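Undergrad: before the rest arrives, take these chain(s) from the complex:
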Amino acid sequence: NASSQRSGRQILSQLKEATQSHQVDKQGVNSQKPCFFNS
Amino acid sequence: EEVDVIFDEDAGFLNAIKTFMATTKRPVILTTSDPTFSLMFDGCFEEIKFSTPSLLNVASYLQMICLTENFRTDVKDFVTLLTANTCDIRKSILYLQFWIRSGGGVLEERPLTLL
Amino acid sequence: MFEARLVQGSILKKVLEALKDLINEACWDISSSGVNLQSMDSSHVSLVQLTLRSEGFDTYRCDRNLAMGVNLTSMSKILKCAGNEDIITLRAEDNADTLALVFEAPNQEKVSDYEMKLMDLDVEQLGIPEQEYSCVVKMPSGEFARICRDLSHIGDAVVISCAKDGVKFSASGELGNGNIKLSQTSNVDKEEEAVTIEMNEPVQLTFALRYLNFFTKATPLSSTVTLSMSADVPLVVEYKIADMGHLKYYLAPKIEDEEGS
């Protein structure tokens, strides 16, 4: 979101492995939506 | 959400997302409200357009919502409310929530078969 | 009502510098057994599970189970004034918005009290069940950091390939290819650099390099490391905290775009 900090280096360093890897918790509590931010 | 909103703090964001789409293996969804973002942004992407919904359908939907909360209300009032909001669903839903939980506007009986 | 008297705060320093940028908030799940932390990172592809046993603290008191989500930037700030040798007091009420950190400086009386609010996380504890790992490895601390930094100097994706001798780490980058094999160095003076392997089957996975760098940033707190890795499971990097507890690292492997024949 625009409400959180979204700068290029930060978003790349904290969101690239979301699409370059598997998910560590593939079972259980999965349908929650963490708002991505860096305070 | 709102790729169109770019600040000076948001430095190199369009280049960043270009790199994301370039190197992704998972689905990426961009949403925005402006039509101009389609022309200034360069890349390969599938486009999906949401038109303004039909007034009578969302009027019936809001009327079911107020019916579930034990309120009966005419269609034309909701049509006026939606056209005042330019058929905005969240605006009409939120103002309906306010106006319902306040206890309703005017108590007038209207016998309609089509209590 | 919760009270902890951490006999030493430098271990908290080391674990937080291990997790100062990977995970975003820290969760404390607290019962009679001890203090538990189940935090999944900003990419939500790696998990950190930290367990402190109740006997490790000077005093431990927990009237009921408590879950506190705390901002990590806040604790990263407050603890940079915490001494290398000191006593720390964790203070938490039953149903409050508060968490107090009491620092007794090495002066006769220099008490620093930092009170932080709670960030109200709706995500509970998360952790995999216990499963037999076909690849369990006793490996050293510092040289792991050296070879991760060398792979970082080479590439950005890590090939982990265990075999009968040990494991091979490969990294094919644009600068070049670097492949280092570790095997049975058990017959050595100290057991911390001893490598003994009790693996079952050779299996290969690939992982994010930078994550392995942050997880090996926690090298000097433990003398050795155990690794638990197998097929279709996260890589597990675990450290034993001598007389305090144990920490667990879970790594989802990199997704591979396998091509049909």
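TA: Received it, and whenever you're ready, just let me know what you need. Residues are numbered from 1 along each chain as shown, chains lettered A, B, ... in the order given.
Undergrad: Tell me the residues of chain C that contact chain A?
TA: Along chain C, the residues adjacent to chain A under the rule Cβ under 8 Å from any Cβ of the partner chain are C:24, C:40, C:42-47, C:71, C:73, C:122-124, C:126, C:128, C:207-208, C:210-211, C:234, C:250-255. C-beta: built from backbone N, CA, C; applies to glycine.
Undergrad: quick one: which of those sit in strands?
TA: The strands, defined by DSSP state E, take in C:40, C:46, C:47, C:71, C:207, C:208, C:250, C:251 from the residues of chain C next to chain A.
Undergrad: mind checking how far the first one is from chain B?
TA: If I follow you right, that is residue C:40. Distance of residue C:40 to chain B, given as Cβ to the nearest Cβ, to the nearest Å: 17 Å.
Undergrad: Can you name the residues bridging to that residue?
TA: residue C:47 (DSSP bridges).
Undergrad: Going by neighbour count, which residues in the helix or strand where residue C:77 lies are buried?
TA: Using DSSP states H and E, residue C:77 sits in helix C:72-78. Using 16 or more other Cβ atoms under 10 Å in any protein chain shown as the test for burial, helix C:72-78 gives C:72, C:74, C:75, C:76.
Undergrad: Kindly report the same for stretch C:106-116.
TA: In stretch C:106-116, counting by 16+ other Cβ under 10 Å, buried: C:114, C:116.
Undergrad: Show residues contacting that stretch.
TA: By Cβ atoms under 8 Å, 6 or more residues apart in numbering or on different chains, the surrounding residues in contact with stretch C:106-116 are C:70-71, C:74-75, C:78, C:81, C:83, C:85-86, C:98-105.
Undergrad: If we use 6 Å, what do you get?
TA: C:74, C:78, C:83, C:99, C:100, C:101, C:102, C:103 (Cβ atoms under 6 Å, 6 or more residues apart in numbering or on different chains).
Undergrad: Kindly incorporate the sequence below as chain D:
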Amino acid sequence: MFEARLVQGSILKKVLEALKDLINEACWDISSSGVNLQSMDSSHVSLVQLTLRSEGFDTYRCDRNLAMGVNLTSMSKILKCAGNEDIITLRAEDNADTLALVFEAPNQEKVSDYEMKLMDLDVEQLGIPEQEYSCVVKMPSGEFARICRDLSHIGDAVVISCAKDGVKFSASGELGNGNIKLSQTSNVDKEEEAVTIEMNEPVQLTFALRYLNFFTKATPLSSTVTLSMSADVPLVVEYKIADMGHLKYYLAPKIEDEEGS
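TA: Okay, chain D now, added to the rest:
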């Protein structure tokens, strides 16, 4: 006709970086007693005072009293290119509009000279009497710098309190509250200072973070600093420079309001 010989230019560089952001301009008045500066903030909430005795300079010469005003930014631009070990000359004429800074050679091969125009301004002698303060402490400067920069990122304002127990710092920020307690038995080991009180009554006031951080920009002048504090007469920060003079600081507290019922 005015000649001053600053023994070491490090002190002048230090006081300039101590007051670089505080004030619009520096207006010095010179007498046979010495040099004085009582300049009060552009936002009109604080005053810097500096008195340097004539004997502190290598050679101090005056013919009459003179008050001259100098823009701070160009003064900083000139002094930032001066060696700290250097011996400096400040020359002022009787009626000219230009002040001369004759720096000796920092490299022992190039004597530097710079000039500054005079800026006329209404400056009043804020002759406050030095009343007896109900709270007087001595406490090291570097610690006071580290604690203000500790509480600054916590709070936009600090509650100072002075009691018989000791001196106490609170800061209720949005992330949470930060508290620091000192004691009179609390003697530090960084610079070997025993914190003391000469207080009479407990007092609690509130001061902004920004000004206090830029008061701690005067840390390297003296090892210890004297804080004088009263229920009505505001905060006094006093550095006693060795054989040079004394550096007093007046900061008024923020008003406090009682919350309505």
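Undergrad: and the contacts of stretch C:106-116, now that chain D is in?
TA: Counting by Cβ under 6 Å, 6+ apart, C:74, C:78, C:83, C:99-103, D:176-183, D:185-186 sit against stretch C:106-116.
Undergrad: Of these, which belong to helices?
TA: C:74, C:78 (DSSP state H).
Undergrad: For ChimeraX, what selects the buried ones among the contacts of stretch C:106-116?
TA: Filtering these down to the buried ones (16+ other Cβ under 10 Å) takes a single ChimeraX command:
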select /C:74,78,99,100,101,102,103 /D:176,177,178,179,180,181,182,183,186
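Undergrad: Restricted to strands, list the contacts of stretch C:106-116.
TA: In this view, those that belong to strands under DSSP E are C:99, C:100, C:101, C:102, C:103, D:176, D:177, D:178, D:179, D:180, D:181.
Undergrad: what's the burial count for whatever residue of chain C ends up closest to chain B?
TA: Using Cβ to the nearest Cβ, the single residue of chain C nearest to chain B is residue C:255, 5.6 Å away. Neighbourhood size, residue C:255 [other Cβ atoms under 10 Å in any protein chain shown]: 16.
Undergrad: Angles on the backbone of residue C:219, please.
TA: Main-chain torsions, residue C:219, degrees, to the nearest 10: phi -60, psi -50.
Undergrad: cool, residue C:30 as well?
TA: Torsion angles, degrees, to the nearest 10, at residue C:30: phi -130, psi 120.
Undergrad: Format the CA atom coordinates belonging to stretch C:184-192 as PDB.
TA: Presented in PDB, the C-alpha positions along stretch C:184-192 are these (Å, rounded to 0.1, in the frame of the first residue of the first chain):
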ATOM      1  CA  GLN C 184      33.400 -35.800   8.200                       C
ATOM      2  CA  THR C 185      35.900 -33.600  10.100                       C
ATOM      3  CA  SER C 186      34.900 -35.300  13.400                       C
ATOM      4  CA  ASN C 187      38.400 -36.400  14.300                       C
ATOM      5  CA  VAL C 188      39.600 -32.900  15.400                       C
ATOM      6  CA  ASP C 189      40.600 -31.300  18.700                       C
ATOM      7  CA  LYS C 190      37.400 -29.600  19.600                       C
ATOM      8  CA  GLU C 191      33.900 -30.900  19.000                       C
ATOM      9  CA  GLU C 192      32.500 -27.500  17.800                       C
END
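Undergrad: now for chain E, put it on the one above:
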Amino acid sequence: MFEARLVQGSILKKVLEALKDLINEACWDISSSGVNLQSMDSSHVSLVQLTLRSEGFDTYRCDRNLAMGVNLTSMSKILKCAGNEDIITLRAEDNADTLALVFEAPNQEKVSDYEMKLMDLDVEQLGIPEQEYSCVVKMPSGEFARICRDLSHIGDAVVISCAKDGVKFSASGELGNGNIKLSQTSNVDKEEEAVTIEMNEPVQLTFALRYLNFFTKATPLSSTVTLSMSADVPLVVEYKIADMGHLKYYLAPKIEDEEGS
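TA: With chain E now in place:
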């Protein structure tokens, strides 16, 4: 099919540290007689030369010559995980684009199997005069590094004069002319350490501090180094390991600009 076997890691780990930022490309001429390195600076001022012999290596094998080319930084990153006591082995194929690097185990059973991509450029031939020099001196290496590091604080160009009184290194710059002159007599804990001169005519030139500081990074190879200086040719520094080969680095003089008369 080329394979070289160096007996200890102390050789490469410091000769490459001498070339940390000197030449962008490690250019080898691999012959059956031995290994040569002929790499030339991008500033057209510094030439570097190595001649490793077959007798120094454990066993030398060559089927054909190589115009071998290695990138510097990645080779440094590969080098930084080499054991000091380990045996270095390197393989270059006939047509493949990989340079294999297998070292002995730093953990006594943990061996390396590295690769290195081959880069192909002009690999132009560099001519060496193999001439006579007006002044040759046998000189301690660590003391030369000490003098170079002491004079590097002052300026950028050092004047060097070699005569029968010895060498004179003067940094005529800003801070001061640091004059260091060493005679024939030099007394250490060893029985002999002579700064001896075998000269014909006294020579006087000017060299750069940065390249001299880079040259002094090859200190641990040889305790005694031969420095060659003539009137017109560049400075030649030759570290003779007496079993591996000779490190010959050539630095062009700084020509003094003749002002008009």
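Undergrad: Same as before for the contacts of stretch C:106-116, with chain E this time.
TA: Contacts to stretch C:106-116, defined as Cβ under 6 Å, 6+ apart, come from residues C:74, C:78, C:83, C:99-103, D:176-183, D:185-186.
Undergrad: Within range of chain C, give me the residues from chain A.
TA: Residues of chain A lying close to chain C by Cβ under 6 Å from any Cβ of the partner chain are A:14, A:17, A:18, A:20, A:21, A:22, A:23, A:24, A:25, A:32, A:39.
Undergrad: Next, format these as JSON lines and append distance to residue B:108.
TA: Below are these laid out as JSON lines (distance: Cβ to Cβ, whole Å):
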{"residue": "A:14", "distance to residue B:108": "57"}
{"residue": "A:17", "distance to residue B:108": "61"}
{"residue": "A:18", "distance to residue B:108": "55"}
{"residue": "A:20", "distance to residue B:108": "62"}
{"residue": "A:21", "distance to residue B:108": "62"}
{"residue": "A:22", "distance to residue B:108": "61"}
{"residue": "A:23", "distance to residue B:108": "56"}
{"residue": "A:24", "distance to residue B:108": "59"}
{"residue": "A:25", "distance to residue B:108": "55"}
{"residue": "A:32", "distance to residue B:108": "45"}
{"residue": "A:39", "distance to residue B:108": "53"}
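Undergrad: out of those, which are inside helices?
TA: A:14, A:17, A:18.
Undergrad: Of those residues, which is the most crowded?
TA: Of all these, residue A:17 has the most neighbours under the rule other Cβ under 10 Å, reaching 23 neighbours.
Undergrad: Quick check: that residue touching residue C:45?
TA: Yes. Assessed by Cβ atoms under 6 Å, residue A:17 is found in contact with residue C:45 at 5.2 Å.
Undergrad: Ends of stretch B:45-63, what's the gap?
TA: In stretch B:45-63, first residue to last residue: 38 Å (Cα to Cα, to the nearest Å).
Undergrad: Distance from the chain centre to that stretch, please.
TA: 8 Å (Cα atoms, centre = their mean, to the nearest Å).
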